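Chain by chain, the residues run as shown.
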Amino acid sequence: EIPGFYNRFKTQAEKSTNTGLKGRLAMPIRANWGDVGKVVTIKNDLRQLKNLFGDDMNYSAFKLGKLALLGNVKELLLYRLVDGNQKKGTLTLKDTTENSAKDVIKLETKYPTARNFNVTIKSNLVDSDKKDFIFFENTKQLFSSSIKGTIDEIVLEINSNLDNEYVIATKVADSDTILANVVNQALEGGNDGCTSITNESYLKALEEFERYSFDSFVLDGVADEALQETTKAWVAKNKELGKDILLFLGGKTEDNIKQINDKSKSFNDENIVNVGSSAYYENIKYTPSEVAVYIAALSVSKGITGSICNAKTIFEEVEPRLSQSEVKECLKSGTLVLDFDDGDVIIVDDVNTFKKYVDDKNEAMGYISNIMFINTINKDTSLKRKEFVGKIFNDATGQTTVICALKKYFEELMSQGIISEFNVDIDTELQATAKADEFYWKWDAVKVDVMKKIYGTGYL
Amino acid sequence: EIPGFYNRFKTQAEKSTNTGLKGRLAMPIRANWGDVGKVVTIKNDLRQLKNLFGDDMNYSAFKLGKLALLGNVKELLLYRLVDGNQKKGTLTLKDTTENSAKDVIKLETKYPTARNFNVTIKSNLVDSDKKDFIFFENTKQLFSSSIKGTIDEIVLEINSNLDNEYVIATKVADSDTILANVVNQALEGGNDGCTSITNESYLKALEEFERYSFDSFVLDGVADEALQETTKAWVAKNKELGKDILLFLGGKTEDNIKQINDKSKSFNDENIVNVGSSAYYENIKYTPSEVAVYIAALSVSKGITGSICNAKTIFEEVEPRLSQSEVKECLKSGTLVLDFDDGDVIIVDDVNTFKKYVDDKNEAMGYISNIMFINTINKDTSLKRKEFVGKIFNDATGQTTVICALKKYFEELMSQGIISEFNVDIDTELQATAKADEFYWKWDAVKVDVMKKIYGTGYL
Amino acid sequence: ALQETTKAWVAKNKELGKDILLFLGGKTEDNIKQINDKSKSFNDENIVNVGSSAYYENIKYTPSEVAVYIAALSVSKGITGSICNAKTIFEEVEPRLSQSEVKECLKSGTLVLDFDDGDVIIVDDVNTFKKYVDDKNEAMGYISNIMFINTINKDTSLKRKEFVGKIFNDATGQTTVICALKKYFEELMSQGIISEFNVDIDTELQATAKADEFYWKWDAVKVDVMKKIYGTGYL
Amino acid sequence: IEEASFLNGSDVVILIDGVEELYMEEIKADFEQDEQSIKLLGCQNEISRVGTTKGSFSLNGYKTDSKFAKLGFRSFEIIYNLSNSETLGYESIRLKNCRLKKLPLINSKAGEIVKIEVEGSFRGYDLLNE
Amino acid sequence: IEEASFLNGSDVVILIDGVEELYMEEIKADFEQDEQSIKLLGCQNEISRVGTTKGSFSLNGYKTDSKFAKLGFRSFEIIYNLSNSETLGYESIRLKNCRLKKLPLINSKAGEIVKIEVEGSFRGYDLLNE
């Protein structure tokens with residue numbers, strides 16, 4: 001650019017998203033259009049989501065990504081999910097200079113899709129050699145330009161201009177012939193993307209989601225029992241490996257109150273969550289599995305120093321409803337249930353599927369907040385290997401540096417008020433029997449209490 | 001519009017309602033016509049009521065809504081009540097271009113009804129292709145327009161013009177044929193709306209009334225014992241859940257003085273009220289259950305800082321009448337009785353069905369004003385969860401902020417003169433034994449005294 | 001052809017940064033539909049057309065000639081003024097229209113004089129950019145707002161003669177920049193042109209800025225001017 | 001708790017009429033009420049209400065020029081920036097229509113460094129940053 | 001930053017009525033407003049305006065003659081020069097129509113050096129150099 005003022009009014013509609021966002025979320029989005037075979041890290045902004053994964057509400061990708069980002073997740077990791085048969089729309093242009101037409105350009109969708117992506121090509125009025133190339137999306141123009149009739153320039157402009165994000169042009173053969181005039185030709189040779197959503201395709205996506213670490217996994221709001229079981233085994237394997245993933249799910253609409261209670265009691269995992277109530281927002285319905293996307297997003301956004309026991313959810317109506325004794329029974333079974341406590345929806349309690357506890361374990365770990373808190377500690381202490389294991393000695397000096405670093409992490413953690421008191425010391429009982437390489441330590445903590453139940457005794 | 005003065009005289013008959021209105025009321029209106037399956041929030045203005053729920057006096061909807069709004073309720077929440085068999089009036093238009101006529105338009109009532117909603121269609125004199133479409137209501141014109149003979153334009157104008165509020169036109173099939181000339185064809189395929197008023201239909205409506213919160217519920221002035229019992233169980237369930245609803249009812253005309261006294265003593269609920277006296281206003285009779293609509297409306301309008309013990313009711317005559325000893329017996333039984341103390345009717349006392357008290361409870365709670373006052377406190381303190389539960393710590397700082405907020409609410413409440421003195425502090429006795437999450441507090445108050453009995457000793 | 005050439009000229013100037021408000025007028029041959037279509041053809045913020053001829057001192061002025069006086073009055077008002085219903089010196093105009101037809105013509109984006117009393121009065125202060133779209137606001141389709149935005153862009157753009165290449169890009173320099181811009185807005189607020197304003201650093205973009213670049217943002221709220229007045233009579 | 005929240009005097013830069021002032025020792029600025037006291041017949045405590053606001057500043061430093069003597073009693077502005085170092089946040093305050101109450105023409109002692117101290121009033125303030 | 005900008009009291013020479021004064025310890029001079037405060041009905045802050053200007057000086061030193069006692073209450077001038085050494089710049093201020101408020105006739109203590117302290121007023125000032 002050149003030195004000087006450049007005053008340029010921007011419309012007020014183009015507001016950026018909020019700033020109070022935290023945490024990371026995974027999303028195997030069933031996108032009709034988008035990036036196949038790779039995970040994309042969308043920021044707070046909704047703009048990359050719609051630019052990369054369509055604007056249509058019926059698309060699970062856009063709908064559930066909108067839910068997650070209204071859940072105020074800082075980074076939302078999207079992986080497009082398509083069937084194996086699903087492929088790129090493809091078309092070939094041809095010339096009319098010769099008596100018999102021949103292929104000179106192939107227009108393929110930039111990524112696999114079978115949406116209503118149409119093409120139109122005609123002669124340019126300004127210059128005879130030039131041609132006008134136009135692209136349509138559901139009868140909406142996307143790209144429009146006039147380029148010389150040479151196939152090289154046509155392919156160059158098509159692959160160069162950013163409005164051609166939905167198509168790649170590749171030169172079939174060297175030629176400068178005048179192209180054929182075709183009107184509203186749909187790119188074909190693929191599938192929808194939300195159709196033929198299969199277990200093996202999720203399992204591929206889950207393997208692609210093993211690239212990165214997540215505060216929680218959401219399954220992209222699909223209530224299939226087989227898919228829930230596969231993702232459950234996946235997260236269990238990850239936890240056994242050490243990667244902590246908090247899985248969020250939801251029941252179907254057919255399930256009655258007893259059935260959803262039994263489904264929740266069937267899950268007895270610390271890091272699995274189910275939503276047993278559908279919701280409505282902007283007059284559009286969300287099944288409990290779709291609502292689980294927003295629930296997971298808000299859980300991750302709160303992360304630590306927060307909980308979603310009675311958070312003010314954006315939803316304006318929910319179903320079904322229950323009495324206090326019945327809500328007690330449902331919570332004991334371990335179901336998360338939204339309630340319409342005032343004009344806006346409010347969660348009943350921050351509970352996970354591990355409400356069914358036993359005497360050898362404590363009751364505090366049956367809540368999502370405590371699972372996220374323990375997982376965050378185990379990760380954060382487990383993050384201390386990049387300078388620490390194989391790079392430190394096993395003498396008193398090294399052990400004291402270890403305890404100093406761990407105490408530093410706990411003290412900084414105490415600085416946010418998350419903990420009231422803590423202890424970190426050597427585990428002498430085990431360390432006496434330790435092998436030379438092994439180092440053993442122990443820690444205590446006391447989470448700060450948060451008011452949940454308040455009783456007022458009136459008089460007059 | 002365009003800049004300039006636009007002086008437009010408005011007739012004096014079109015006066016808006018008063019301004020001194022308060023409170024919210026529920027109304028399961030048995031409307032011959034109106035919005036089925038949804039609750040509508042009518043404002044102070046009577047105009048939305050008649051526009052949406054007919055102008056006819058025999059309609060329970062209009063009659064009782066007029067009572068409620070002369071009761072000066074700020075917001076009146078109406079839910080139309082119709083039987084399951086009750087449906088939309090429906091008719092089909094047909095063309096005469098061919099030898100055999102065929103359907104091209106269906107005219108269905110916008111909402112379920114079977115009123116005398118007639119249609120008339122004829123040729124347009126100005127243009128041959130145009131046709132005149134007219135709609136009648138009890139031999140009163142509603143809509144009139146001339147539109148091209150094309151079915152698309154006809155359906156568009158019928159669904160567009162606001163005078164077609166009682167009908168929707170839908171194009172059966174694509175056609176431009178000239179319609180048949182039909183004169184005064186009544187829409188059929190439904191029921192009245194005030195007929196076949198059944199318990200299950202109320203129970204649906206009550207579930208639809210669970211959408212929102214009400215200062216009081218009125219039952220729409222139906223004195224059926226089964227309906228009273230069902231609504232009684234409903235409000236009891238809501239109170240157990242925490243939603244406070246003040247139910248208003250009324251006895252039948254057949255009941256004698258002893259029978260109505262026994263009926264009132266049968267009800268021993270704090271938040272149930274019965275009217276045992278019918279009234280006449282504008283020479284039209286209202287049974288005690290219908291009068292209970294206005295009584296509830298005035299109770300809600302007064303809300304707090306008011307009572308209806310001897311309020312100047314609009315009614316100009318009541319029945320039956322009693323002596324002072326008999327009025328004492330009836331009030332002890334717990335019956336609300338209107339009296340014609342002067343040219344306008346006046347209530348005897350602000351009493352609820354819970355006059356029959358016992359030693360373990362106090363006498364002050366057997367009055368409607370105290371029930372509304374305690375309910376308002378319990379709600380207003382209970383409204384302090386949207387920023388307060390799950391979002392505050394359980395230390396001395398958090399507890400002191402809690403007490404500060406509750407004291408603020410009481411002090412603002414004291415500002416209206418509702419209370420003479422109050423106290424809000426920690427409940428130390430219970431708080432010593434509290435669990436870490438639990439917070440316990442207590443409060444005292446002294447309602448300001450209101451003169452009811454005045455004795456003058458004369459001398460000469 | 002001349003209108004098109006001057007249109008391209010002013011568009012080039014605006015792209016360069018020089019803001020010129022072009023004023024034009026239709027011919028006498030054009031009927032009401034033709035002039036409406038001509039106005040809708042122009043969809044530029046800084047182009048104006050007059051679709052009505054006038055007479056003054058018994059001498060006729062075609063709508064393009066009358067556009068000279070219209071532009072002159074627009075410039076004379078400049079800021080703190082508008083020509084929506086200004087008392088023009090002309091004593092007769094043509095052609096005339098009904099209120100619904102005036103509404104249609106204004107929606108098309110035609111400036112039309114009217115003989116409201118013994119002296120001529122403008123109908124509304126509208127430009128050819130009445131045809132707006134959702135991504136932009138409605139307020140910018142008026143001549144007053146175009147002149148106001150152009151005046152701001154120029155006046156802020158006049159702050160280079162001591163300011164660019166002559167100031168540092170540290171917190172002190174940026175704060176002096178914001179102080180000067182706030183001073184200009186405050187003096188602008190002194191004439192009552194604005195009810196409230198804000199001028200601050202554009203932190204979102206400034207975080208990603210290059211070392212030389214400085215990014216700022218501003219808000220304003222123009223004072224409302226009565227245009228429509230409705231009186232409800234009783235007796 | 002947090003050491004980083006504290007702000008030292010060394011993180012201060014002062015601009016007098018747009019040019020930085022480097023040889024200053026301390027600065028003060030207050031925006032004071034003319035608080036109105038109200039006593040009512042039925043009530044037994046005073047009611048206080050906001051009156052007209054006045055600004056007062058003082059500005060002590062070391063003399064290096066006759067800037068304030070030339071400046072006279074003309075109106076000027078003071079932009080005061082207090083920055084954090086451990087954190088990147090900063091406060092900026094602009095005092096408007098600042099005017100000296102008295103001119104420090106002469107102030108010197110036998111063996112001390114020549115210091116300059118001024119006081120004055122300002123109309124209002126803009127909290128530019130924070 | 002720059003060490004050289006600071007000015008010491010040792011770079012001071014004072015002229016009382018054109019003759020240099022050598023035995024002075026400190027000097028002060030201020031030109032003070034009678035600032036006028038304005039409150040307006042539509043506005044919620046005070047407006048300050050410049051009033052009449054008065055000069056006040058004080059001048060402390062060591063007694064070596066009865067110069068000020070002879071001088072009485074006659075009008076005199078004070079020329080104050082403050083020079084820089086590391087730089088060649090200097091300030092010169094001329095106080096005009098200076099007049100003593102009181103005569104230091106006697107000021108002595110038991111075992112201390114006899115000091116003289118005077119105060120007064122001046123009409124205006126000329127900033128000769130800077």
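Residues numbered from 1 in each chain as written, not as in the entry; some residues may be left out. Chains lettered and ligands numbered in written order. Part of a larger assembly, values for the part shown. Heavy atoms only, no water. Residues with missing side-chain atoms left out of burial classes, pairs and counts.

- As summarised from the PDB record, the model derives from cryo-EM at a stated resolution of 2.71 Å.

**As for the overall build of chain A**
At step 1: A tally of regular secondary structure across chain A gives 11 helices and 21 strands.
At step 2: With the C-alpha coordinates of chain A rotated into their principal frame, the extents come out at 90 × 65 × 55 Å.
At step 3: At a minimum sequence separation of 6, the contacts of chain A that also span at least 24 residues come to 67%. (Helix = DSSP H or I, 4+ residues; strand = E, 2+ residues; numbered from the N terminus. Contact = heavy atoms within 4.5 Å.)

**Section: the interface of chain A and chain C**
At step 1: Across the contact, six residues belong to chain A and 11 residues belong to chain C.
At step 2: Taken together, the residues of the side of chain A that touches chain C break down into two nonpolar, four polar and no charged. (Nonpolar A, V, L, I, M, F, W, Y, C, P; charged D, E, K, R; others polar.)

**A word on the side chain of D83(A)**
All names here are of chain A.
At step 1: Among the secondary structure elements, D83 is positioned in the loop between β3 (73-79) and β4 (90-94).
At step 2: The buried charged residue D83 lacks any salt bridge, with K204 as its nearest oppositely charged partner at 7.8 Å.
At step 3: Looking at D83, its side chain comes within polar contact range of the side chain of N85, at 3.1 Å.
At step 4: Setting aside its immediate chain neighbours within four residues, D83 contacts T195, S196, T198 and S201. (Buried < 20%, exposed > 50% of the residue type's maximum accessible area, 1.4 Å probe, protein only. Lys, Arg positive; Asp, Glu negative; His and termini not counted. Salt bridge = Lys/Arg side-chain N within 4 Å of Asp/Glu carboxyl O. Polar contact = N/O pair within 3.5 Å; in protein donor to acceptor, adjacent residues only side chain to side chain.)

**What to know about helix α7 (residues 288-302) of chain B**
Residues and elements named next belong to chain B.
At step 1: Taking 1.5 Å per residue as the helical rise, α7 with its 15 residues ought to reach 21 Å, and the 20 Å between its terminal C-alpha atoms agrees with that figure.
At step 2: Counting buried positions over the 15 residues of α7 gives 14, a clear majority of the element.
At step 3: Positive backbone phi, approximately 55°, marks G303, located one or two places after α7. (Expected span 1.5 Å × (residues − 1).)

**Details of the interface of chain E and chain D**
In many analyses, interface size is given as the accessible surface area lost on bringing the parts together.
At step 1: On the side of chain D, 32 residues touch chain E, which itself brings 36 residues to the contact.
At step 2: Contact between chain E and chain D buries roughly 3300 Å² in total, counting both sides, with carbon and sulfur atoms accounting for 54%.
At step 3: The largest share of the area that chain E buries against chain D comes from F6(E), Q33(E) and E46(E), three residues that together contribute 15% of it.
At step 4: Where chain E touches chain D, the interface holds six salt bridges.
At step 5: When the shortest N-O distance is used, the salt bridge between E26(E) and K109(D) registers 3.2 Å.
At step 6: At the junction of chain E and chain D, the tally comes to 21 residue pairs in polar contact.
At step 7: For the side of chain E that touches chain D, the secondary-structure elements that each account for two or more residues are β3 (24-33), β5 (47-49), β7 (76-83), β8 (90-100) and β10 (124-129) of chain E.
At step 8: Here strand β9 (residues 102-109) of chain D pairs with β3(E) via seven bridges, running antiparallel. What sits directly across from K109(D), in β3(E), is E26(E). (Buried area = accessible area lost by both parts, 1.4 Å probe. Pairing = 2+ DSSP bridges.)

**Things to note about the nonpolar core**
At step 1: Membership of the largest hydrophobic core comes to 67 residues, with the highest contact counts inside it found for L25(B), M27(B), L78(B), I295(B), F315(B), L338(B) and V424(B).
At step 2: Those residues in contact with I295(B) that lie beyond four places of it in its chain are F248(B), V275(B), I308(B), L336(B), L338(B) and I347(B). (Core = buried A, V, L, I, M, F, W, Y, C linked by side-chain atoms within 4.5 Å.)

**With respect to the packing of helix α9 (residues 368-382) of chain B against helix α10 (residues 396-415) of chain B**
Residue and element names in this part refer to chain B.
At step 1: Viewed as axis vectors pointing N to C, α9 and α10 meet at an angle of 140°, and their least axial separation amounts to 11 Å. Classified by the angle between their axes, α9 and α10 sit oblique to one another. Taken as a pair, α9 and α10 cross one another with a handedness that is right-handed. Of the residues in α10, those touching α9 at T376, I377, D380 and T381 are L406, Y409, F410 and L413.
At step 2: A breakdown of the residues in the contact of α9 with α10 according to their chemical character gives five nonpolar, two polar and one charged. (Axes fitted to C-alpha atoms, helices over the stretch in contact; angles between N-to-C directions. Parallel < 35°, antiparallel > 145°, perpendicular 65-115°, else oblique. Left-handed = near helix turned anticlockwise from the far one by under 90°.)

**Re the relation of the copies chain E and chain D**
To go from the first copy of the chain to the second, apply a rotation about an axis and then a shift along the same axis.
At step 1: Note on the identical chains: chain E maps onto chain D by a rotation of 60° and an axial translation of 0.0 Å, with an RMSD of 0.0 Å. One copy is carried onto the other by what is essentially a six-fold rotation axis. Taking C-alpha positions as reference, the residue of chain E nearest the rotation axis is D34(E), located at 20 Å.
At step 2: Looking at chain E, a mere 3% of its interface residues are interface residues in chain D too, so the copies touch through different faces. (Least-squares fit on C-alpha atoms.)

**A word on the sheet that holds strand β8 (residues 141-148) of chain A**
All names here are of chain A.
At step 1: Taken in spatial order, the four strands of this open sheet run β8-β7-β6-β10, and their pairing is antiparallel. Whereas interior strands pair on both sides, the edge strands pair on one side only; in this sheet they are β8 and β10 (182-186). Strand after strand, the sheet turns through a mean of 15° between neighbouring axes, direction not considered.
At step 2: Across three bridges, strand β6 (residues 117-123) lies against β10 in antiparallel orientation. Bridging from a neighbouring strand, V119 pairs with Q185 of β10.
At step 3: Relative to the sheet, helix α3 (residues 151-160) contacts β7 (130-137) and β8, its axis offset from that of β8 by approximately 150°.

**Digging into helix α6 (residues 257-266) of chain A**
All names here are of chain A.
At step 1: Every buried residue of α6 is listed here: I260, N261 and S264. Buried residues in α6, looked at end-on, bunch into an arc of 105°, giving them a common side. Seen from the open side of α6, the exposed residues pointing more than 90 degrees away from its buried face are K258 and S266.
At step 2: Where α6 is buried, its residues contact β13 (272-275) and α8 (324-333). (Arc of directions from axis to C-beta.)

**A look at the arrangement of the chains**
At step 1: Take the five pairs of chains in contact: the one carrying the most contacts is chains D and E.
At step 2: Chain A shows no contact with chain D. Their nearest C-alpha atoms sit 8 Å apart.

**What to know about the pattern of salt bridges**
At step 1: Per the counting criterion, the structure on display carries 66 salt bridges over all chains.
At step 2: For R211(A), the salt bridge goes to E208(A), with nearest N and O atoms at 3.8 Å.
At step 3: For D126(E), the salt bridge identified is with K96(E), shortest N-O distance 2.6 Å. Placement of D126(E) in strand β10 and of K96(E) in strand β8 is noted, with a sequence separation of 30 residues between them.

**Quick word on the packing of helix α2 (residues 60-70) of chain A against helix α7 (residues 288-302) of chain A**
To describe two helices that pack against each other, one gives the angle between their axes and the distance between the axes.
Residues and elements named next belong to chain A.
At step 1: Across the interface, α2 lies against α7 with an axial gap of 7 Å and an inter-helix angle of 30°. One finds that α2 runs roughly parallel with respect to α7. α7 is crossed by α2, and the crossing has right-handed handedness. Contact residues: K63, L64, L67, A68 and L70 in α2; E290, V293, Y294 and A297 in α7.
At step 2: Residue classes in the contact of α2 with α7 are distributed as seven nonpolar, no polar and two charged.

**What to know about the sheet that holds strand β3 (residues 53-56) of chain C**
Residues and elements named next belong to chain C.
At step 1: Ordered by their spatial adjacency, three strands build an open sheet running β4-β3-β5, and the pairing between neighbours is antiparallel. Where the open sheet ends on each side, the last strands, each with one partner, are β4 (59-61) and β5 (92-94). On average, each strand axis in the sheet is tilted by 20° relative to the strand beside it, whichever way the strands run.
At step 2: Two strands pair when backbone bridges link them, and β3 and β5 are joined in this way by three bridges, in the antiparallel orientation. Directly across from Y55, in β5, lies its bridge partner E92.

**Re the environment of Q174(C)**
All names here are of chain C.
At step 1: Position of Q174 relative to the elements: it lies in helix α6 (residues 171-190).
At step 2: Among the residues examined, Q174 registers a relative accessible area of 17% and is labelled buried.
At step 3: The spatial distance from the C-alpha of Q174 to the C-alpha of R160 is 14 Å, given a sequence separation of 14 residues.
At step 4: Apart from the residues within four sequence positions on either side, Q174 is in contact with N169, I201, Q206 and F214.

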